[PDB]
Structures are given as C-alpha cells and as structure tokens.
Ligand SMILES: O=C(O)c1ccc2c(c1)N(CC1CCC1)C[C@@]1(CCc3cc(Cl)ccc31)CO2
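As structure tokens, one chain now follows by itself in the form deposited without this ligand.
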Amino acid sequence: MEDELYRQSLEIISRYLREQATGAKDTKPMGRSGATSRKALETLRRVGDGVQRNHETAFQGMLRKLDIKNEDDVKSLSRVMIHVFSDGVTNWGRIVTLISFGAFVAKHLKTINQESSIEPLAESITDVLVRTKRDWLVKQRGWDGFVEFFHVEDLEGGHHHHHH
C-alpha cells in the first residue's frame, strides 16, 4: 500500500526509532538508496539527539497526558504531527523535529513494553511526511537535500532561501 520513496523513508525512520528505543545502534542495511539513506540516518541521529536534549522538557509536558497504550493513540499523534508542519515556513529542522519526537515517544513505548506501537508510529511519521511534504521530498531530494542543508557531507552551504 506504499510507494518506493515511502519504503525507503519508512526504513530510515523505523531504524532511528528502534535505536533510540533500545538505547543502542542497529545492524540492518539501509532501505533502497545505499548512500542517501546512510547519510540521512547518521545526520538524523546526530542532530535529532540535540533536538531531544533542548525539547525533552517540552515534549514531556505533552507526553505525560498522551501516554500511548495502543495504536489508536498513535493515530491521535498523527494530528499533532500535521501541526508540526503547520508553521507555513520551510525549515528542514521541523522534519528532524518530527522524526526526533517520534523517537522520543518510541523510547517511552519500549520502556512501557509497547514496542509493537513503535513501528506503526514510524509509519505515522512517514505517513504525514509523504502526505504533506510529498513533492518537497522528491523536488528538493529531501534526504539528499537534508544532508547538504545541515552540512554533513556538504561543502557548499545547503542554505539558499528564496521567497516569491
């Protein structure tokens, strides 16, 4: 029921959530795009951790009244995930914030034994991503554009904001 682009992104996000949940690094290969998914994953984990550090005090504020006890709560998280992009602006950092918050909830899920909820949660992250940022993903090469924007394997700058 997915797209090729959906499966690749789903795999990347799925791994990061499982790694954060298990408190360790995973062993699986990267989905579809060997290099793109690799560079995307390592960038996601390094910057996502930082986002969690500064945002943790904020996320816990909602997480306490959320507490996912079944997939239906994840379906509710989807509504929040949509609002995470409702800023109107671009900011690839929000893409990171989406996946980072997903991992932040995922680690809580494994803590409460709800690991089965983590995977459909990762699908929810990818679902909203592909639902609203579909065109941006392919047009700006999403993951390839993500790594240059945050300047990991980049040597130019990535930043080139133009409004019209």
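A residue's number is simply how far along the shown sequence it sits, counting from 1.
Unshown form solved in complex with this ligand; subsequent notes refer to it.
J.: If you drop this ligand in as it sits in the deposited complex, superposing on the site C-alphas, does this form leave room, or do 3+ ligand atoms land within 2.4 Å of backbone or C-beta atoms?
T.: After C-alpha superposition the pocket is blocked.
J.: Mark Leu98 yes when one of its heavy atoms lies within 4.5 Å of a heavy atom of this ligand in the deposited complex, and no otherwise.
T.: Yes, contact at 4.5 Å.
J.: Does this ligand come within 4.5 Å of any heavy atom of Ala35 in the deposited complex?
T.: Taking the distances in the deposited complex, the answer for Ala35 is no, it never comes within 4.5 Å of this ligand.
J.: If you check in the deposited complex, is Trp136 within 4.5 Å of this ligand, heavy atoms only?
T.: The answer is no: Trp136 has no heavy atom within 4.5 Å of this ligand.
J.: Residue-level question: is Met62 within 4.5 Å of this ligand in the deposited complex, judged on heavy atoms?
T.: Heavy-atom contact with this ligand at 4.5 Å: present for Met62.
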